[PDB]
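One structure is given here, and the rest of the page talks about it.
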Amino acid sequence: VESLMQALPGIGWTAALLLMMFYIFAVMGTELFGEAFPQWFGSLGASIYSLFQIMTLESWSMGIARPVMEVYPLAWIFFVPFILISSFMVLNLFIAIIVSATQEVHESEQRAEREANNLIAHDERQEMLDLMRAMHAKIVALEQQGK
Amino acid sequence: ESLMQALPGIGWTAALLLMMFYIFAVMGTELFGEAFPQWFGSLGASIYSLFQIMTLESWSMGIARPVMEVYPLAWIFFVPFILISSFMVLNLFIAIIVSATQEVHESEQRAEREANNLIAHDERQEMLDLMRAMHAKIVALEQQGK
Amino acid sequence: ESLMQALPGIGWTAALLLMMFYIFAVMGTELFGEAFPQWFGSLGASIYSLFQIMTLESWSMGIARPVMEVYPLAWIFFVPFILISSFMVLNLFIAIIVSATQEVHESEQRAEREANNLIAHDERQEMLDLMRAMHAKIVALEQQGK
Amino acid sequence: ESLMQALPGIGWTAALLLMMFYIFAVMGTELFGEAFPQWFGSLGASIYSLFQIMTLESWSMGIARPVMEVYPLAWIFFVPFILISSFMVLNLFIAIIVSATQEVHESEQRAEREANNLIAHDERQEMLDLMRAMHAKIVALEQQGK
Ligand code: NA
Ligand code: NA
């Protein structure tokens, strides 16, 4: 039902641009490293997969990053921004759903507080107006004693 | 001027959708074109076999299955492609659905807020007339008193 | 801060627009460069012939039509390119149109809600003064009575 | 959770920004690398000379000028790159500026609407008390009369 259904196009934009990050960092990983590391970055497919392993922490004790870091000492300029942008995108997938849910609640409490105020007003006026008519009657009955 | 508001988002989905065919074709050419020159041998052939997969013209002469049966792990590419590229086309229709119903909700938002302002304006006007009529009869009550 | 609100969306359209020239140039080079080295032979030449197509400098010397005649099915590329890349440039102007009129609607939204709050505050103040004046005359009625 | 709203848009700008370096590097390698292997000869070298151009470390040892000065028409690439990639970084700061001031406007939106509801509640309550006191003195004015 359309409160999460609204937020889906933004979810896709993040998901789409996330896959774009693997593609360009794989094309770029193949250039920079594949020469010296054919096993990991020698092909475009191998690059996609070693990047995917880096993100899923399956290179945490066998650590694909660290051997390449030791050979090229400046290669964090690629392994750091990749890990940052591709983690920040996956975060924006969960954030977008968190926002979508709490955005809906805020918008429902927005009415139930504005209808309460309209109700209290409609009833406070109705109380006053009845109190009026009753007084207008007793005034007429005061002006009949006078005739 | 309620649908025209939603068009830039439509384009972002449409643009990123074509980006998916491009990268999955470049990637399809690498992974498979060696063993399947007919289907993935060129970048153009890859773009077209991917397009055939999406339009279900590979459902009995299914391009996916033979490649699946040579490389057993190739669903890691045919599955995410079919998912992302279907989810984008879905977001094209969703964006128009939202744009339409978003407008209706925003029109019912006034017609309910003007009704409330009207009922208030009229409930006060009813009270205020009933006041003046009372104030007159009170003055007429203080004139017998003189 | 009303057109400043809309700039990130402007960039997304502008960014994805340049992405369209890139992928259609990489595709244009594949499909055609073999038979048309002058126009699509390099990635740069492809970018530029696509740019000429959009700016109507191939109206009478018409880069599209010779390639259309050689490959009869090549509209499947020249049509979607011209569509998406025109629709993106349209979304650049639409986004500014929306940004401007969105601001006006949001300013008229207050000046109508303050008018209503004003009329209420003054209609109550009129009633309430009319009350006190009556309450006084009634007390003066009840002093005749003592 | 007010800056937390705005992060997905921040990423879209950041993501599309890196997309600009990628395509302009692939394109820079084509156009120039033949004549400038040191700067644009590889995809990595292109990405880095573009990054140097943006960070103004090419401002007395300016990579752009020599290439401008071999290919006279090469501003058609160095200008749009510098524009789009500066406009994206601007949209990173704009998005945070909007996110902050958007929150303040939405908090002042209540504190002004609760003040109005309060003043109404209290202006009615003042009127209503002044009513009851006046209904009482009228009853006492009709007991005089019995
Ligand atoms: Na590419
Ligand atoms: Na390339």
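Identifiers in this document derive from the order of the structure tokens: chains are assigned A, B, ..., residues are numbered from 1 separately in each chain, and ligands are numbered from 1 in order of occurrence.
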
Can you tell me which residues surround residue 89 in chain B at a distance of at most 10 Å, considering only C-alpha atoms, apart from same-chain residues fewer than 4 positions away, and format the answer as a PDB file with N, CA and C atoms, in the first residue's frame?
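The result, stored in part.pdb:
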```
ATOM      1  N   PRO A   9      11.092   4.036  -6.045  1.00  0.00           N
ATOM      2  CA  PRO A   9      11.988   4.603  -7.072  1.00  0.00           C
ATOM      3  C   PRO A   9      13.309   5.106  -6.516  1.00  0.00           C
TER       4      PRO A   9
ATOM      5  N   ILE B  10      11.028   9.946 -13.495  1.00  0.00           N
ATOM      6  CA  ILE B  10      10.818   8.958 -14.553  1.00  0.00           C
ATOM      7  C   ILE B  10      12.079   8.806 -15.396  1.00  0.00           C
ATOM      8  N   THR B  13      14.989   6.904 -13.592  1.00  0.00           N
ATOM      9  CA  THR B  13      14.776   5.465 -13.688  1.00  0.00           C
ATOM     10  C   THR B  13      15.053   4.964 -15.100  1.00  0.00           C
ATOM     11  N   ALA B  14      14.506   5.654 -16.104  1.00  0.00           N
ATOM     12  CA  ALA B  14      14.723   5.250 -17.489  1.00  0.00           C
ATOM     13  C   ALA B  14      16.201   5.316 -17.854  1.00  0.00           C
ATOM     14  N   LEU B  17      18.078   2.618 -16.128  1.00  0.00           N
ATOM     15  CA  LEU B  17      17.709   1.335 -16.717  1.00  0.00           C
ATOM     16  C   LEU B  17      18.582   1.017 -17.925  1.00  0.00           C
ATOM     17  N   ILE B  84      17.103  -6.262 -11.263  1.00  0.00           N
ATOM     18  CA  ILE B  84      17.250  -4.808 -11.295  1.00  0.00           C
ATOM     19  C   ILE B  84      16.493  -4.211 -12.476  1.00  0.00           C
ATOM     20  N   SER B  85      16.569  -4.851 -13.645  1.00  0.00           N
ATOM     21  CA  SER B  85      15.933  -4.308 -14.838  1.00  0.00           C
ATOM     22  C   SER B  85      14.421  -4.485 -14.836  1.00  0.00           C
ATOM     23  N   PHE B  93       6.149   2.588 -13.738  1.00  0.00           N
ATOM     24  CA  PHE B  93       4.705   2.593 -13.529  1.00  0.00           C
ATOM     25  C   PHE B  93       4.347   3.093 -12.135  1.00  0.00           C
ATOM     26  N   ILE B  94       5.123   2.695 -11.122  1.00  0.00           N
ATOM     27  CA  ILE B  94       4.878   3.171  -9.761  1.00  0.00           C
ATOM     28  C   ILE B  94       4.925   4.692  -9.704  1.00  0.00           C
TER      29      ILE B  94
END
```

Interface rows for chain D against chain B: nearest pair, Å to one decimal, 12 Å, only C-alpha atoms, as a tab-separated table:
```
residue	atom	partner	partner_atom	distance
D:12	CA	B:12	CA	10.7
D:16	CA	B:16	CA	10.8
D:19	CA	B:19	CA	11.3
D:124	CA	B:124	CA	11.4
D:131	CA	B:131	CA	11.2
D:138	CA	B:138	CA	10.3
D:141	CA	B:141	CA	10.8
D:142	CA	B:141	CA	11.6
```

Taking only C-alpha atoms and all ligand atoms into account, which residues are within 9 Å of ligand 1, as number ranges by chain? A: 23-24, 27; B: 22-23, 26; C: 22-23, 26; D: 22-23, 26

Show me, as a Markdown table, the residues of chain A having an atom within 6 Å of chain B, each with the closest atom pair and its distance in Å, using only C-alpha atoms.
```
| residue | atom | partner | partner_atom | distance |
| --- | --- | --- | --- | --- |
| A:9 | CA | B:91 | CA | 5.2 |
| A:129 | CA | B:127 | CA | 5.9 |
| A:136 | CA | B:134 | CA | 5.6 |
| A:143 | CA | B:141 | CA | 5.5 |
```

May I ask for the distance between CA of residue 72 in chain D and CA of residue 15 in chain C, given in Å to one decimal place? 25.5 Å
